[PDB]
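Visitor: In their complex positions, the first chains:
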Amino acid sequence: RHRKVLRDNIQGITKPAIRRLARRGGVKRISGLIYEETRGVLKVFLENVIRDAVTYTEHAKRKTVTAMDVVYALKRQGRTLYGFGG
Amino acid sequence: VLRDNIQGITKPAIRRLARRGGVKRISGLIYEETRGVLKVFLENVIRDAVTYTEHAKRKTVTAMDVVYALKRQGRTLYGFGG
Amino acid sequence: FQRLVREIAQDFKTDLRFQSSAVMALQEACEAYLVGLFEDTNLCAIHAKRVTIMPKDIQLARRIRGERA
């Protein structure tokens, strides 16, 4: 058998979920090639933020990533986040 | 005769700038809109500049005020000190 | 989303753990970012007299924001 669920990866971010997301942005009609590209885009964003978060985590000699690290890592990219402390 | 002075930013100079930006062909209506856009940018900067100016109780605008006001709008500028 | 984060984090540092609220915060940030991106995408699409967004629109929007990659 070969499942590895659909890639054991980003492909669990299913199509209709992206559809709902595009619906939030007011969009009506989407092409079939969008999905994959969006996924790649998402990955890049996450990568950068997570990297920074992990780096903050590494400075405190912890093995648990806290919310605060995510907040700060987001703040440095100009995407400050409210509602989780800081 | 003077013409609100925004007209000192003439057509051919704007054409030249657009040429530096890779533009080949320009409609006639661009000019007015561009002028307005330019005005807005300047206004914001100078406001901040003058604010820094007002804080020192000086009457002479210095480069540093402009540099700071530019820095705070996310358009940091190099080559005039600081 | 948990599994995705865990995989990517594993490739930078091993056996990390994540609090739930951190995952929630990443979820909020990602969804807000994507929403904004689709918004600019849709505007770029409308600019070309279309109604269907396409990859080049997304590329255009991200290139203009400077979120290059």
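Guide: Happy to help now that I have it. Numbering: from 1, shown residues only, chains lettered A, B, ... in the order given.
Visitor: residues touching the residue of chain C found nearest chain A, list them.
Guide: Closest contact between chain C and chain A, by Cβ to the nearest Cβ, is at residue C:38 (3.5 Å). All C-beta atoms are positioned from the backbone trio N, CA, C, and that covers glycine. By Cβ atoms under 8 Å, 6 or more residues apart in numbering or on different chains, residue C:38 lies in contact with A:21, A:22, A:24, A:25, A:26, A:27, C:53.
Visitor: do that again at 7 Å, thanks
Guide: The contact partners of residue C:38, taken as Cβ atoms under 7 Å, 6 or more residues apart in numbering or on different chains, are A:21, A:22, A:25, A:27.
Visitor: Next: residue C:45.
Guide: C:51, C:52, C:53, C:57.
Visitor: Now those residues in a markdown table, please, with extra columns for secondary structure.
Guide: Listed next are the contacts of residue C:45 as a markdown table, based on DSSP: H, G, I helix; E, B strand; the rest coil:
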| residue | secondary structure |
| --- | --- |
| C:51 | coil |
| C:52 | strand |
| C:53 | strand |
| C:57 | helix |
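Visitor: overlap between the residues you listed and the residues near chain A?
Guide: C:51, C:52, C:53 (Cβ under 7 Å from any Cβ of the partner chain).
Visitor: include chain D too:
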Amino acid sequence: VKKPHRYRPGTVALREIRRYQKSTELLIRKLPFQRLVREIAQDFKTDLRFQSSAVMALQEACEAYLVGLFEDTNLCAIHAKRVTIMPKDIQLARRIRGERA
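Guide: Let me put chain D in with the others:
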């Protein structure tokens, strides 16, 4: 030779592109820009004086900003299968950067 030599439309524009892209000198004249700055600053505070280098710095900032704007505008234009930029292109780019006004 009888008729004047005449380049086709677009070629001289391209010549202007390469020439101005090779060099660096400022394109806008000093004095009008001085008068512009002086007028606008007067409307906020009176009898202000300006150092020359500040004016030069504003000139650099303005020209770099405009260049970047035209670049994004041109990309937007190409995206619509056109070559002519129009106001809605500029509005689009500016609306995307967040430079709303």
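Visitor: again for the contacts of residue C:38, chain D present now?
Guide: Residue C:38 sits next to A:21, A:22, A:25, A:27 when contact means Cβ under 7 Å, 6+ apart.
Visitor: cutoff 8 Å now
Guide: Residue C:38 touches A:21, A:22, A:24, A:25, A:26, A:27, C:53, counting by Cβ under 8 Å, 6+ apart.
Visitor: Kindly provide the distance from the second one to residue D:37.
Guide: Looking back up the chat, that one is residue A:22. From residue A:22 over to residue D:37 the distance is 45 Å, taken as Cβ to Cβ, to the nearest Å.
Visitor: Likewise for residue A:80?
Guide: 34 Å.
Visitor: And for residue 13, nearest residue in space, chain neighbours not counted?
Guide: Assuming you mean chain A. residue A:39 (6.2 Å; Cβ to Cβ, 6 or more residues apart in numbering or on different chains).
Visitor: should've been chain C
Guide: Using Cβ to Cβ, 6+ apart, the closest residue to residue C:13 is residue A:54 (5.7 Å).
Visitor: my guess is that neighbour meets residue C:10, correct?
Guide: No: judged on Cβ atoms under 8 Å, residue A:54 makes no contact with residue C:10 at a distance of 10.6 Å.
Visitor: Return the nearest residue of chain C with respect to chain B.
Guide: Closest point on chain C to chain B, by Cβ to the nearest Cβ, is residue C:66, at 10.6 Å.
Visitor: Sequence for chain E below, add it please:
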Amino acid sequence: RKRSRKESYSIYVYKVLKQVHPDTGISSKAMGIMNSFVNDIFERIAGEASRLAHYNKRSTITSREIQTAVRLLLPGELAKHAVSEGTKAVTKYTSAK
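Guide: Time to bring in chain E:
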């Protein structure tokens, strides 16, 4: 029995809310939002004031510097009204010692 102590701006936000809309409540998440918002604005203003001070080789942050930073960061009418409130506050505080 060991116990810590985390401060916030909650209680004060609650007071203000009861002043402006007596018959209205507010959830914990939103109060957290307001807490983070207050912290963010505080950080921006103090940092900007610091930068102004350092640029003019003055070692004291005063009301003047705060006022300036407010005019820089915030736009228009919001700045004017807030500045009004600040000036009124200083005038009241300085008199009734």
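Visitor: Please reconsider the contacts of residue C:38 now that chain E is part of the model.
Guide: A:21, A:22, A:24, A:25, A:26, A:27, C:53.
Visitor: Spatially nearest residue to it, not counting backbone neighbours?
Guide: Residue C:38 sits nearest to residue A:25 (Cβ to Cβ, 6+ apart), 3.5 Å away.
Visitor: any idea how far chain B is from that neighbour?
Guide: 25 Å (Cβ to the nearest Cβ, to the nearest Å).
Visitor: Sitting in helices, which of the contacts of residue C:38 do you find?
Guide: In helices, judged by DSSP state H, the following of the contacts of residue C:38 are found: A:21, A:22, A:24.
Visitor: quick one: contacts for the last one?
Guide: Contacts here follow Cβ under 8 Å, 6+ apart; on that basis residue A:24 touches C:31, C:35, C:38.
Visitor: The residue positioned nearest the centre of chain A sits in which helix or strand?
Guide: Centroid check for chain A by Cα atoms, centre = their mean gives residue A:46 as the closest residue, at 4.2 Å. Residue A:46 is part of helix A:34-59, with elements assigned from DSSP states H and E.
Visitor: Same question for that helix: list its buried residues.
Guide: Neighbour counts over helix A:34-59 (16 or more other Cβ atoms under 10 Å in any protein chain shown) mark A:34-35, A:37-39, A:41-43, A:45-46, A:48-50, A:52-54, A:56-57 as buried.
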